[PDB]
Amino acid sequence: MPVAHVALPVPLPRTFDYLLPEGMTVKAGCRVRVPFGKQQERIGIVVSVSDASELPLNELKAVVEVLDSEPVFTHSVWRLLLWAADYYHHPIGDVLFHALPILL
Amino acid sequence: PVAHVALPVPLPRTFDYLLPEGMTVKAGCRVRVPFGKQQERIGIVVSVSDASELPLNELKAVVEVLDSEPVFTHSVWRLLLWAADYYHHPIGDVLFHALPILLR
């Protein structure tokens, strides 16, 4: 009863920022393993890579491992999926992960 | 450093807020909540439980409840939620876009 769950009108990509460790590069389109909750891990997909972030670079967990060296998404498929997601109002994560099993 | 990751989260991607004391809200009401750091935003209560993914000591508190009771019909509400769910649209996206229509 004390936790009100509010729904807000967030930007296009509602991605989650994670910090990359020392000497570990990843390109937009690769899958990565990251920390969620507290002591749980989950497979994610890199959407973008910038030097900035909505939150202080001091409180963003670091990626555990990059399960990819080369984007698992076609340069075309990728550009397409992102568009699709935005155009039809679908969560980027939703499209990406649902679209992966098929692409393979 | 930063890496904008897209993850496959559950159905509602709602944001948990803490209700101050002596202030109750029904699922379907609009509320004013803190965003970013020093910014306000109008949101809608999708649900209300006693639990929360995060520590109850880290959840900002609702600032104001703009509704005594649901601005959405018991029907419309039940419908919109479905719609959002069935067609894979952000619940917040559906609710706020659907609002101007239902009223005007």
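Our structure is the block above this text.
Residues numbered from 1 in each chain as written, not as in the entry; some residues may be left out. Chains lettered and ligands numbered in written order. Heavy atoms only, no water.

A.B. asks: I tried to follow the overall build of chain B on my own but got confused; where do I start?
C.D. replies: Looking only at helices and strands, chain B features two helices and five strands. Ordered by position in the sequence, the α and β elements of chain B form the string β-β-β-β-β-α-α. Projected onto its principal axes, the C-alpha positions of chain B cover 45 × 35 × 25 Å. Sorting the 104 residues of chain B into buried and exposed places 37% on the buried side. The long-range share in chain B, meaning contacts at least 24 apart out of those at least 6 apart in sequence, stands at 57%. (Helix = DSSP H or I, 4+ residues; strand = E, 2+ residues; numbered from the N terminus. Buried < 20%, exposed > 50% of the residue type's maximum accessible area, 1.4 Å probe, protein only. Contact = heavy atoms within 4.5 Å.)

A.B. asks: Would you take a moment to explain the overall build of chain A for this structure?
C.D. replies: For chain A, the helix and strand inventory stands at two helices and five strands. Listing each helix as α and each strand as β along chain A from the N terminus yields β-β-β-β-β-α-α. A principal-axis box enclosing the C-alpha atoms of chain A has dimensions of 45 × 35 × 25 Å. Counting the 104 residues in chain A, one finds 38% classified as buried. Looking at chain A alone, contacts between residues at least 24 apart form 61% of all its contacts between residues at least 6 apart. On chain A, roughly 6400 Å² of surface is accessible, and the fraction owed to carbon and sulfur atoms is 57%. Averaging the locations of the 8 positively and 11 negatively charged side chains of chain A gives two centres separated by 5 Å. (Areas by Shrake-Rupley, 256 points an atom, 1.4 Å probe, with all protein chains shown as cover. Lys, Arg positive; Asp, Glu negative; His and termini not counted. Charge placed at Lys NZ, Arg CZ, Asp CG, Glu CD.)

A.B. asks: So what exactly am I meant to see when it comes to the interface of chain A and chain B here?
C.D. replies: One frequently used descriptor of interface size is the decrease in accessible area upon assembly of the parts. Facing the 41 residues of chain A at the interface are 43 residues of chain B. Roughly 3900 Å² is buried in total at the junction of chain A and chain B, and carbon and sulfur atoms are behind 63% of that figure. Applying the counting rule to chain A against chain B returns zero salt bridges. Contributions of two or more residues to the side of chain A that touches chain B are made by β1 (3-7), β2 (16-19), β3 (31-36), β4 (40-48) and α2 (92-103) of chain A. Among the residues making up the side of chain A that touches chain B, the classes are represented as 26 nonpolar, 11 polar and four charged. For β1 of chain A and strand β4 (residues 39-49) of chain B, the ladder comprises five bridges, and the chain directions are antiparallel. Across the sheet, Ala 7 of chain A pairs through a bridge with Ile 44 of chain B, a residue of β4 of chain B. (Buried area = accessible area lost by both parts, 1.4 Å probe. Salt bridge = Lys/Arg side-chain N within 4 Å of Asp/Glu carboxyl O. Nonpolar A, V, L, I, M, F, W, Y, C, P; charged D, E, K, R; others polar. Pairing = 2+ DSSP bridges.)

A.B. asks: It is not clear to me how the pattern of salt bridges should be interpreted in this structure. Could you clarify?
C.D. replies: Two side chains with opposite charge may pair up if their charged atoms get near one another. Here the structure, examined in full by the defined rule, presents four salt bridges over all chains. With a shortest N-O distance of 2.7 Å, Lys 27 of chain A and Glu 70 of chain A are connected by a salt bridge. Placement of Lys 27 of chain A in the loop between β2 and β3 and of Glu 70 of chain A in the loop between β5 (65-66) and α1 (75-87) is noted, with a sequence separation of 43 residues between them. Judged by its relative accessible area of 36%, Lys 27 of chain A is partly exposed. A salt bridge links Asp 67 of chain B to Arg 30 of chain B; its shortest N-O distance comes to 2.7 Å.

A.B. asks: Where do I start with the layout of surface pockets in this structure?
C.D. replies: Gaps between atoms show up when a probe of the same size as a water molecule is rolled over them. For the largest pocket, the calculated volume is near 2300 Å³. Contributing to the lining of the largest pocket are 42 residues, with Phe 16, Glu 54 and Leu 55 of chain A together with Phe 15 and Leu 54 of chain B lying nearest its centre. For the lining of the largest pocket, the secondary structure elements donating two or more residues are β2, β3 and β4 of chain A together with β2 (15-18) and β3 (30-35) of chain B. The class makeup of the residues in the lining of the largest pocket is 21 nonpolar, eight polar and 13 charged. Roughly 790 Å³ of volume is contained in the second largest pocket. Around the second largest pocket, the lining comprises 37 residues; the ones closest to its centre are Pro 91 of chain A together with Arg 13, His 89, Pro 90 and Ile 91 of chain B. (1 Å grid on protein atoms, 1.4 Å probe; cavity = no way out; pocket = protein on both sides within 12 Å on 5 of 7 lines; lining within 4 Å. Points joined across faces, edges and corners; volume = space filled by probe spheres on them.)

A.B. asks: Got a minute to help me understand the packing of aromatic side chains in this structure?
C.D. replies: Here a ring pair, both rings aromatic, is described through the centre-centre distance and the interplanar angle of the planes. Applying the stated criterion to the full structure yields eight aromatic pairs over all chains. Ring centres 5.6 Å apart and planes at 80 degrees place the aromatic pair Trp 83 of chain A and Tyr 88 of chain A in the edge-to-face group. Taking relative accessible area as the criterion, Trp 83 of chain A reaches 41% and is therefore assigned partly exposed. Seen in terms of ring centroids, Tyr 86 of chain B and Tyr 87 of chain B are 4.7 Å apart; in terms of plane orientation they differ by 70 degrees. Their pairing is edge-to-face. By way of ring pairs, the aromatic residues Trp 83, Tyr 87 and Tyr 88 of chain A are connected into one cluster. The ring centre of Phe 35 of chain B lies 4.5 Å from the NZ or CZ of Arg 41 of chain B, which sits over that ring. (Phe/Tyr/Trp six-rings, centres within 6.5 Å; stacked < 30°, edge-to-face > 60°. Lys NZ or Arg CZ within 6 Å of the ring centre and 35° of its normal.)

Function cannot be inferred from these measures alone, as they are strictly geometric.
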